[PDB]
Ligand SMILES: c1coc(CNc2nc3ccccc3[nH]2)c1
């Protein structure tokens, strides 16, 4: 069986806990609790093939910098999730990308750009911003609304295909 090493990252105030739980047991929790290290693995059918998704959600604080290079050495797919309500996270994506690219040590990297909290009326970061920024990276941007379950699975399937075809 094929294992997809994916890691969930982002900023504080986005709610990665809801993103992980929604994809695992299919539940949405409004409660925000900072998780450090939890195991999130589930078998999903990708394009007619059942595969095991090995996902590890990590911290998003600057307090945890030493363990950064650790999970970045095993994780193949980095889930850079930001929030449209937080324009800071939009910028932090570049810094995070820089750190990731620093560990990856490669220009070509199959990653995606997804944002949460798209259900909030306080949209600080508009679509044009992300869509235009994606042009510089060379990777598409996907809107992930875990609130109403829109784009959740869709954005996850594309990532797998990009990585699968890259291994071929
Ligand atoms: C118990 C503790 O970790 C596990 C699963 N391992 C695991 N390695 C990973 C490396 C990168 C991303 C997710 C990963 N997930 C089970």
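Residue numbers (the numbering used here): 44 to 211. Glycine residues also receive a C-beta, built at the ideal position from the N, C-alpha and C atoms.
Q) Counting pairs of Cβ atoms below 8 angstroms between the stretch 146-165 and the stretch 74-93, do you hit three or more? A) Taking a cut-off of 8 angstroms for Cβ pairs, the stretch 146-165 and the stretch 74-93 do not touch, as fewer than three such pairs fall below it.
Q | Nonlocal neighbours in the same chain, by C-beta distance under 6 angstroms from residue 115, ignoring five residues either side | A | Here residue 115 corresponds to residue number 72 of the chain shown, with the count starting at 1. Within its own chain, the residues whose Cβ lies closer than 6 angstroms to the Cβ of residue 115, once the five positions on either side in sequence are excluded, are 146, listed in chain order.
Q. Under 8 angstroms between the Cβ atoms of residue 108 and residue 57?
A. Taking the chain shown and counting its residues from 1, the one referred to as residue 108 is at position 65. Taking the chain shown and counting its residues from 1, the one referred to as residue 57 is at position 14. No.
Q) Which residues in the same chain have their Cβ closer than 7 angstroms to the Cβ of residue 84, if we skip the five residues on either side of it in sequence? A) What you label residue 84 is simply residue 41 of the chain shown in a count that begins at 1. Contacts found: 95, 96, 97 and 98.
Q: Look up residue 95 in the DSSP assignment and give the residues it is bridged to.
A: Residue mapping note: residue 95 aligns to position 52 of the chain shown, counting from 1. For residue 95, which the question treats as bridged, DSSP gives the partners 46 and 86.
Q: Closer than 7 angstroms by C-beta to residue 121: which residues in its own chain qualify, once you throw out the five before and the five after it? Chain order, please.
A: Taking the first residue of the chain shown as position 1, residue 121 is located at position 78. 50, 52, 143 and 154.
**Q.** Three-way DSSP call (helix, strand, coil) for residue 113 in this model
**A.** As a working note, residue 113 is residue 70 in the chain shown. Here residue 113 sits in helix by DSSP.
Q: Starting from the N-terminal side, write out each stretch of the beta strand (DSSP E) that is 3 residues or longer and does not extend beyond the stretch 129-176.
A: 155-159
(Q) Could you pull the DSSP bridge partners for residue 52 from this structure? (A) The sequence position of residue 52 within the chain shown is 9, counting from 1. BP columns for residue 52 point to 123.
(Q) With distance defined between alpha-carbon atoms, name the residue in 54, 178, 126 and 185 nearest to residue 104. (A) On the chain shown, position 61 is the one that residue 104 refers to. Shortest Cα-Cα distance from residue 104 to any of 54, 178, 126 and 185 involves 54.
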